[PDB]
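One structure is given here, and the rest of the page talks about it.
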Amino acid sequence: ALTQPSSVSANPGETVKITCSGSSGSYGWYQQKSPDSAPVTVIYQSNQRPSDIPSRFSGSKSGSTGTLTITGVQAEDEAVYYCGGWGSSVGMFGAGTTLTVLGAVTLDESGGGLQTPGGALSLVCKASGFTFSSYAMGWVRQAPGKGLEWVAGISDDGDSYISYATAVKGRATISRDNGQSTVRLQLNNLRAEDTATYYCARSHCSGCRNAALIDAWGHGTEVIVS
């Protein structure tokens, strides 16, 4: 996994830096203002800022270390920031940095709910607002009170590059239907550790599995293994 500080505190108007290490490549930065709301990409591929993100957010990579900088931080920037990257043929995240401030693309997941231990689930993500067949897609989950965990990734052709986190390898199948603009996650022999919000995620690339490249998130579907 990646490594980032557990917490940072800042006054409104500060210039805040959060570092992350451990990626074989670039760094992505994902803002989560509430444990129950989807992350928002503020930086991807180390320094790329989405158009809808305020210019006070910037990123850089030096050596093998990524830094998110917020120049003139505002109260509304209070959030947990996760870094994302890759290593050992999989995407991976840091454990999150809690920042305390002392002052058209759609992804729609379904298939969650209560599950039986040892049972199986089938999650579907319906995409709209973009050319679905041009982008790599993936799944990211978040257990209650924990951080983002990369689950699986699939290339735009639905065939070439398929990868699974060690935690689900042997139990998981990711697939896509480009005609229907959907991506699917099957997961069997369910265990208590599979209890999580599962997020559909678009990467800003055609085939990459790098968790630094995520630029769109679904609303999440809750899975409870009981």
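Note on naming: chains are A, B, ... as they come in the structure tokens, residues start from 1 per chain, ligands start from 1 in the order shown.
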
Within 10 Å of range 212-216 of chain A, which residues of range 130-149 of chain A show up? Give each one with its shortest atom-to-atom distance in Å (one decimal) and the two atoms involved, counting only C-alpha atoms, rows by chain then rising residue number, as JSON lines.
```
{"residue": "A:136", "atom": "CA", "partner": "A:214", "partner_atom": "CA", "distance": 9.3}
{"residue": "A:137", "atom": "CA", "partner": "A:214", "partner_atom": "CA", "distance": 8.7}
{"residue": "A:138", "atom": "CA", "partner": "A:214", "partner_atom": "CA", "distance": 8.8}
```

*Name all residues at most 9 Å from residue 31 in chain A (count only C-alpha atoms; drop same-chain ones fewer than 5 positions away) and give them as a ChimeraX atom specification.*
/A:38-42,77-82

*Of the candidates A:139, A:150, A:130, A:86, which shows the shortest atom-to-atom distance to residue 208 in chain A, using only C-alpha atoms?*
A:86

*Quick one: everything within 9 Å of range 170-173 of chain A, counting only C-alpha atoms, minus sequence neighbours fewer than 2 positions away in the same chain. Send it as a PyMOL selection string.*
chain A and resi 151-152+162+164+166-168+175+184-190

*Would you kindly return, as a ChimeraX atom specification, each protein, DNA or RNA residue with an atom no farther than 10 Å from any atom of residue 96 in chain A, considering only C-alpha atoms and excluding same-chain residues fewer than 3 positions away?*
/A:2-7,20,29-32,79-84,93,99,146-148

*Which one is closest to residue 56 in chain A: A:35, A:15, A:89, A:21? Count only C-alpha atoms.*
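That would be A:15, the residue with the smallest distance to residue 56 in chain A.
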
*Have a look at A:103, A:153, A:179, A:12 and name the one nearest to residue 206 in chain A; count only C-alpha atoms.*
A:153

*Find the residue from A:183, A:28, A:100, A:156 that sits nearest to residue 50 in chain A; use only C-alpha atoms when measuring.*
A:28

_DSSP strand (DSSP E or B) residues within range 3-151 of chain A, as an MDAnalysis selection string_ = chainID A and resid 3 7:10 15:21 28:32 40:44 48 57:62 65:71 79:87 90:93 97:101 106:110 113:115 121:128 137:142 148:151

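Reported to one decimal place, the separation of CA of residue 105 in chain A from CA of residue 155 in chain A is 18.2 Å.
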
*Selected residue of minimal separation from residue 116 in chain A among A:192, A:1, A:9, A:197, counting only C-alpha atoms*: A:192

_Distance query residue 62 in chain A at most 12 Å, only C-alpha atoms, self and fewer than 5 positions along chain excluded, as an MDAnalysis selection string_ = chainID A and resid 19:21 23 25:27 46:47 67:68

Next, the residues of the selection above should be written as an mmCIF file, in the first residue's frame with N, CA and C atoms.
```cif
data_model
loop_
_atom_site.group_PDB
_atom_site.id
_atom_site.type_symbol
_atom_site.label_atom_id
_atom_site.label_comp_id
_atom_site.auth_asym_id
_atom_site.auth_seq_id
_atom_site.Cartn_x
_atom_site.Cartn_y
_atom_site.Cartn_z
ATOM 1 N N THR A 19 2.248 14.620 1.559
ATOM 2 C CA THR A 19 3.089 13.748 0.745
ATOM 3 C C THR A 19 2.626 12.300 0.764
ATOM 4 N N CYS A 20 3.048 11.564 -0.252
ATOM 5 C CA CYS A 20 2.729 10.152 -0.378
ATOM 6 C C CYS A 20 3.903 9.428 -1.015
ATOM 7 N N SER A 21 4.190 8.223 -0.541
ATOM 8 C CA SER A 21 5.271 7.432 -1.113
ATOM 9 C C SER A 21 4.808 6.016 -1.422
ATOM 10 N N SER A 23 4.474 4.534 -4.667
ATOM 11 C CA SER A 23 4.006 4.230 -6.020
ATOM 12 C C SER A 23 5.152 3.913 -6.953
ATOM 13 N N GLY A 25 4.801 4.613 -9.920
ATOM 14 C CA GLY A 25 4.625 5.628 -10.935
ATOM 15 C C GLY A 25 3.995 6.888 -10.388
ATOM 16 N N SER A 26 2.981 7.382 -11.090
ATOM 17 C CA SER A 26 2.326 8.622 -10.700
ATOM 18 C C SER A 26 1.477 8.484 -9.428
ATOM 19 N N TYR A 27 0.988 9.630 -8.954
ATOM 20 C CA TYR A 27 0.132 9.741 -7.771
ATOM 21 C C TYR A 27 -1.179 10.416 -8.119
ATOM 22 N N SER A 46 -0.295 12.567 -11.039
ATOM 23 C CA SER A 46 0.645 13.439 -10.305
ATOM 24 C C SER A 46 0.348 14.938 -10.344
ATOM 25 N N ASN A 47 -0.025 15.490 -11.496
ATOM 26 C CA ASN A 47 -0.174 16.944 -11.604
ATOM 27 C C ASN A 47 -1.360 17.427 -12.429
ATOM 28 N N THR A 67 3.327 14.871 -4.003
ATOM 29 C CA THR A 67 2.879 15.895 -3.071
ATOM 30 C C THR A 67 1.641 16.605 -3.607
ATOM 31 N N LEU A 68 0.580 16.615 -2.809
ATOM 32 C CA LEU A 68 -0.581 17.464 -3.020
ATOM 33 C C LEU A 68 -0.371 18.772 -2.288
#
```

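Using only C-alpha atoms, the nearest neighbour of residue 154 in chain A within the list A:180, A:142, A:128, A:210 is A:210.
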